[PDB]
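What follows is a set of notes on a single structure, which appears directly below.
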Amino acid sequence: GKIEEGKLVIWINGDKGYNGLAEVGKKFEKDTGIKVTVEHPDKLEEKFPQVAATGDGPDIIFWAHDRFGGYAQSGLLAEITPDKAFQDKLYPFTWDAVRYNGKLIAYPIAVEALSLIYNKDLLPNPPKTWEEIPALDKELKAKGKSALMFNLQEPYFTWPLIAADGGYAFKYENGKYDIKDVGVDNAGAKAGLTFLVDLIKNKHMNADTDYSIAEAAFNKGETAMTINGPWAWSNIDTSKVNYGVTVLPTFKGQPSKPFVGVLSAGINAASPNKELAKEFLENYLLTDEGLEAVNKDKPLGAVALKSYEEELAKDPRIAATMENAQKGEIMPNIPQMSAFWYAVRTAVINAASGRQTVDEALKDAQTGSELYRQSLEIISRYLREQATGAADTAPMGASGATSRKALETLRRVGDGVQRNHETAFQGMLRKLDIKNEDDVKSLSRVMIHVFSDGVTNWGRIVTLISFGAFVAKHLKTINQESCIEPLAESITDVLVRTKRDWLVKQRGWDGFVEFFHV
Ligand SMILES: CO[C@H]1/C=C/C[C@H](C)[C@@H](C)S(=O)(=O)NC(=O)c2ccc3c(c2)N(C[C@@H]2CCO[C@H]21)C[C@@]1(CCCc2cc(Cl)ccc21)CO3
Ligand SMILES: OC[C@H]1O[C@H](O[C@H]2[C@H](O)[C@@H](O)[C@@H](O)O[C@@H]2CO)[C@H](O)[C@@H](O)[C@@H]1O
């Protein structure tokens with residue numbers, strides 16, 4: 001579809017201050033005559049990339065910054081170009097959160113971190129350690145209360161415990177991510193998730209607890225503690241619970257490490273209202289008055305706007321938010337975050353329910369989180385060596401035996417396919433008439449149509465990749481060798497997005513190697 005010119009449609013999550021945001025919209029309308037519609041659809045972070053890819057969706061999307069790199073990589077976001085005067089009004093680290101491939105892709109709004117929230121009438125002093133919670137629950141159960149309830153359906157809430165003893169998403173060293181180094185199934189991650197599963201086994205928590213259930217229990221005074229972000233404080237205020245906000249408990253003597261989000265506002269690349277969107281965000285929302293309107297509805301956390309943050313920083317709840325943030329880590333914004341979160345979501349739910357053991361659950365999560373990078377390594381190497389006649393001398397890196405053996409297998413089976421099906425391959429090549437980088441960009445749709453709509457098996461995956469090598473050879477011969485790595489990226493994207501679940505179920509590329517073992 002087509003986004004309508006002369007209005008603004010905004011999407012924001014239903015846990016945020018969307019009524020406050022709508023008030024800012026009304027102020028904008030009063031000056032400009034432009035109606036601002038604020039919506040909070042379910043699963044908006046999944047809906048956005050689907051609808052925006054067709055030139056549809058909201059003019060402005062609000063989410064934590066972690067999702068925005070994927071959106072930017074997909075061409076769904078307009079580049080943000082504020083002047084120096086405006087940029088200087090926000091904290092530099094918040095702009096860093098919304099930078100992707102050297103470009104600003106959103107406006108930062110506020111810094112969010114989970115804290116421990118406790119009922120002072122039940123628990124005058126909160127526990128300093130996770131390890132003491134079982135004994136505390138026993139004391140409280142005898143009085144008809146429980147120690148702790150929080151959302152076990154979203155891995156955002158369990159991550160601080162998984163990370164505490166050494167779990168990590170993507171390793172960060174010497175000022176850089178090693179995207180090849182994933183820390184989801186190490187001893188530290190296992191210890192944290194085992195502690196969570198044991199809480200459930202011992203009836204201190206219930207696997208089915210979600211956001212609404214935990215919120216209701218805390219706000220009714222039934223449970224002594226919860227884990228939540230600043231947005232939750234409004235409903236607690238309304239409940240009149242005598243609450244405190246504090247540092248998360250330690251695990252094995254180490255801080256809980258929340259993944260820190262920067263609520264950010266991106267402009268849809270398909271919007272015909274980009275100038276209106278920039279005006280709204282810079283001159284209405286990111287002002288003391290604008291942020292106050294949203295914050296009074298549901299608190300934002302530590303806002304990006306320096307002038308207003310100076311007022312808010314005096315609040316002990318914000319001090320606690322920032323203490324927890326400093327103990328955690330700013331989320332990456334790399335496109336692979338979506339897959340990481342899906343993988344860990346499934347692991348936590350399956351481990352909590354008993355569907356998988358902790359070891360089984362985190363193994364699958366590691367495979368899911370590594371899948372893009374490993375698939376690209378294999379596919380890129382095969383395409384490039386096929387096109388040039390010479391292999392890549394670079395070390396395979398992480399999980400290198402699997403990558404090496406997969407590439408060996410692919411050489412054997414993929415060369416066979418190209419030989420036996422040379423006629424069909426040559427015919428399809430000529431039909432597609434691939435001349436340049438723009439023509440390569442058009443293949444994704446065709447690949448999804450032909451590949452993804454068909455039986456899922458390793459044979460069809462070999463055809464996908466082998467035909468890719470056939471195209472790569474063609475690109476080299478016509479002096480378009482620069483198109484090969486984009487092509488490999490495109491093939492990988494199609495494969496891992498459309499066959500994610502199946503691939504993880506096969507043990508990924510180890511399954512491929514076993515399937516074609518001579
Ligand atoms: C009938 O004519 C097809 C040949 C089939 C022989 C094959 C052995 C079957 C018996 S099979 O094993 O069942 N596999 C598939 O049918 C199959 C799986 C994946 C595919 C395809 C087929 N494609 C159509 C093929 C290619 C040769 O003739 C078609 C290519 C594909 C769509 C075009 C654009 C494009 C661009 C890039 Cl870079 C990469 C891939 C593509 C998508 O990937
Ligand atoms: O649970 C995975 C989930 O975590 C984060 O989402 C948070 C969000 O940042 C908060 O603003 C608040 O709305 O709670 C969400 C968790 O339910 C990531 O930002 C998100 O991408 C990820 O899927």
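In the structure tokens, each chain is lettered A, B, ... as it comes, each chain's residues begin at 1, and ligands are numbered from 1 in order of appearance.
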Exercise for the section: Write down as a PyMOL selection string the residues of segment 34-249 of chain A whose backbone DSSP state falls under helix (DSSP H, G or I). Expected result: chain A and resi 44-52+65-73+84-87+92-97+133-141+155-164+187-201+211-219+230-239
Exercise for the section: Let me have all residues with an atom within 7 Å of ligand 1, counting only C-alpha atoms and all ligand atoms, laid out as number ranges by chain. Expected result: A: 417, 421, 424-425, 428, 443, 446-447, 450-451, 459-461, 463-465, 467-468, 471, 487, 491
Practice task
Give the answer as one residue: which of A:194, A:394, A:161, A:148 has the shortest atom-to-atom distance to residue 135 of chain A, using only C-alpha atoms?
Solution key: A:148
Handout entry: residue 127 of chain A environment, 9 Å, only C-alpha atoms, sequence neighbours closer than 4 positions dropped, as a ChimeraX atom specification
Key = /A:123,131-133,136,248-249
Exercise for the section: Pick out the residues sitting within 8 Å of residue 64 of chain A, and hand them over as a PyMOL selection string; count only C-alpha atoms, and ignore anything fewer than 2 positions along from it in its own chain. Expected result: chain A and resi 62+66-68+261-264
Determine, for each residue of chain A having at least one atom at most 7 Å from an atom of ligand 2, the closest pair of atoms and their separation in Å to one decimal, counting only C-alpha atoms and all ligand atoms; order by chain and ascending number, as a tab-separated table.
```
residue	atom	partner	partner_atom_place_in_ligand_line	distance
A:13	CA	ligand 2	13 (O)	6.4
A:15	CA	ligand 2	13 (O)	6.1
A:63	CA	ligand 2	11 (O)	6.6
A:64	CA	ligand 2	19 (O)	4.6
A:65	CA	ligand 2	19 (O)	6.8
A:66	CA	ligand 2	19 (O)	5.7
A:67	CA	ligand 2	21 (O)	5.4
A:112	CA	ligand 2	11 (O)	6.7
A:154	CA	ligand 2	1 (O)	3.8
A:155	CA	ligand 2	1 (O)	4.1
A:156	CA	ligand 2	1 (O)	3.7
A:157	CA	ligand 2	1 (O)	6.7
A:261	CA	ligand 2	9 (O)	5.3
A:263	CA	ligand 2	11 (O)	6.5
A:338	CA	ligand 2	21 (O)	6.5
A:341	CA	ligand 2	2 (C)	5.4
A:345	CA	ligand 2	1 (O)	6.7
```
Problem - strand (DSSP E or B) positions in segment 70-241 of chain A, given as a PyMOL selection string - result: chain A and resi 77+90+99-100+103-104+107-112+115-119+129+146-148+168-173+176-183+223-228
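Candidate residues A:484, A:405, A:503, A:216 were compared for distance to residue 385 of chain A, and the nearest is A:484, using only C-alpha atoms.
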Problem - Contacts of residue 289 of chain A within 9 Å, only C-alpha atoms, excl. fewer than 4 positions in-chain, as a VMD selection string - result: chain A and resid 24 284 to 285 293 to 294 308
Handout entry: Counting only C-alpha atoms, the option among A:335, A:329, A:498, A:10 closest to residue 449 of chain A
Key = A:498
Problem - Using only C-alpha atoms: which of A:448, A:213, A:77, A:365 has the shortest distance to residue 48 of chain A - result: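 Checking each of A:448, A:213, A:77, A:365 against residue 48 of chain A, counting only C-alpha atoms, the winner is A:77.
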Problem - All residues 12 Å or closer to residue 507 of chain A, only C-alpha atoms, same chain fewer than 3 positions away omitted, as a PyMOL selection string - result: chain A and resi 360+363-368+370-371+402+500-504+510-515
So that I have them on file, write out the residues from the current selection with N, CA and C atoms, as a compact mmCIF listing (two decimals), in the first residue's frame.
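Result file follows (out.txt):
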```
# COMPACT_ATOMS: atom_id res chain seq x y z
N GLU A 360 19.72 -29.11 26.65
CA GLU A 360 19.03 -29.20 25.35
C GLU A 360 18.57 -27.82 24.85
N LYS A 363 21.58 -25.50 23.96
CA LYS A 363 22.22 -25.99 22.73
C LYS A 363 21.47 -25.50 21.49
N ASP A 364 20.15 -25.67 21.49
CA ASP A 364 19.32 -25.21 20.38
C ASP A 364 19.39 -23.70 20.21
N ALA A 365 19.43 -22.98 21.33
CA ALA A 365 19.54 -21.53 21.29
C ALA A 365 20.87 -21.06 20.69
N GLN A 366 21.96 -21.76 21.03
CA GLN A 366 23.28 -21.47 20.48
C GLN A 366 23.26 -21.67 18.96
N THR A 367 22.73 -22.81 18.52
CA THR A 367 22.58 -23.12 17.09
C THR A 367 21.78 -22.05 16.35
N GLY A 368 20.64 -21.65 16.92
CA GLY A 368 19.81 -20.60 16.33
C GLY A 368 20.51 -19.26 16.23
N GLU A 370 23.82 -18.72 16.18
CA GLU A 370 24.98 -18.83 15.27
C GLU A 370 24.59 -19.04 13.79
N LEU A 371 23.31 -19.31 13.52
CA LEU A 371 22.89 -19.86 12.22
C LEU A 371 23.20 -18.95 11.03
N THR A 402 32.81 -27.79 11.63
CA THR A 402 31.49 -27.86 10.99
C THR A 402 31.49 -27.09 9.67
N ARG A 500 14.45 -21.42 9.44
CA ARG A 500 15.01 -21.32 10.80
C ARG A 500 14.71 -22.55 11.67
N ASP A 501 13.41 -22.82 11.88
CA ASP A 501 12.99 -23.88 12.81
C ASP A 501 13.48 -25.24 12.34
N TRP A 502 13.30 -25.52 11.05
CA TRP A 502 13.77 -26.78 10.49
C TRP A 502 15.27 -26.95 10.64
N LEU A 503 16.02 -25.89 10.32
CA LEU A 503 17.47 -25.93 10.42
C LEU A 503 17.95 -26.25 11.83
N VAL A 504 17.36 -25.58 12.83
CA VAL A 504 17.73 -25.83 14.23
C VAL A 504 17.42 -27.28 14.62
N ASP A 510 25.72 -29.31 11.00
CA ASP A 510 26.08 -30.70 11.35
C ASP A 510 25.11 -31.74 10.77
N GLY A 511 23.82 -31.41 10.74
CA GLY A 511 22.82 -32.27 10.11
C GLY A 511 23.04 -32.46 8.62
N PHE A 512 23.41 -31.38 7.95
CA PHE A 512 23.74 -31.41 6.51
C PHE A 512 24.88 -32.38 6.22
N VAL A 513 25.94 -32.24 7.02
CA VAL A 513 27.13 -33.07 6.89
C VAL A 513 26.76 -34.54 7.10
N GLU A 514 25.99 -34.84 8.14
CA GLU A 514 25.50 -36.21 8.40
C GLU A 514 24.56 -36.74 7.31
N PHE A 515 23.65 -35.89 6.82
CA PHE A 515 22.71 -36.30 5.78
C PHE A 515 23.42 -36.82 4.53
```
Practice task
Within 9 Å of residue 34 of chain A, counting only C-alpha atoms, which residues show up once you throw out same-chain ones fewer than 4 positions away? Write them as number ranges by chain, please.
Solution key: A: 6-8, 25-26, 28-30, 276
Practice task
Select, from A:306, A:171, A:435, A:404, the residue with the minimum atom-to-atom distance to residue 87 of chain A, counting only C-alpha atoms.
Solution key: A:306
Handout entry: Of the listed residues A:37, A:74, A:54, A:119, that which approaches residue 334 of chain A most closely, counting only C-alpha atoms
Key =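 Of A:37, A:74, A:54, A:119, the one nearest residue 334 of chain A, counting only C-alpha atoms, is A:74.
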Can I get the residues of segment 84-161 of chain A within 12 Å of segment 236-240 of chain A, each with the closest pair of atoms and their distance in Å to one decimal, using only C-alpha atoms, sorted chain first then ascending number, as JSON lines?
```
{"residue": "A:117", "atom": "CA", "partner": "A:236", "partner_atom": "CA", "distance": 9.8}
{"residue": "A:118", "atom": "CA", "partner": "A:236", "partner_atom": "CA", "distance": 10.6}
{"residue": "A:119", "atom": "CA", "partner": "A:236", "partner_atom": "CA", "distance": 10.1}
{"residue": "A:120", "atom": "CA", "partner": "A:240", "partner_atom": "CA", "distance": 11.6}
{"residue": "A:121", "atom": "CA", "partner": "A:240", "partner_atom": "CA", "distance": 11.3}
```
Go ahead and save the picked residues with N, CA and C atoms, as an mmCIF file, in the first residue's frame.
```
data_model
loop_
_atom_site.group_PDB
_atom_site.id
_atom_site.type_symbol
_atom_site.label_atom_id
_atom_site.label_comp_id
_atom_site.auth_asym_id
_atom_site.auth_seq_id
_atom_site.Cartn_x
_atom_site.Cartn_y
_atom_site.Cartn_z
ATOM 1 N N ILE A 117 11.973 -4.505 41.944
ATOM 2 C CA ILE A 117 10.927 -3.700 42.577
ATOM 3 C C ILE A 117 10.398 -4.529 43.739
ATOM 4 N N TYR A 118 10.335 -3.927 44.930
ATOM 5 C CA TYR A 118 9.963 -4.679 46.135
ATOM 6 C C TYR A 118 8.953 -3.910 46.979
ATOM 7 N N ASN A 119 8.112 -4.684 47.661
ATOM 8 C CA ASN A 119 7.089 -4.167 48.553
ATOM 9 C C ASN A 119 7.709 -4.037 49.952
ATOM 10 N N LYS A 120 7.906 -2.792 50.377
ATOM 11 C CA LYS A 120 8.538 -2.470 51.659
ATOM 12 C C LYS A 120 7.714 -2.903 52.874
ATOM 13 N N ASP A 121 6.403 -3.032 52.694
ATOM 14 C CA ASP A 121 5.531 -3.559 53.753
ATOM 15 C C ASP A 121 5.641 -5.066 53.961
#
```
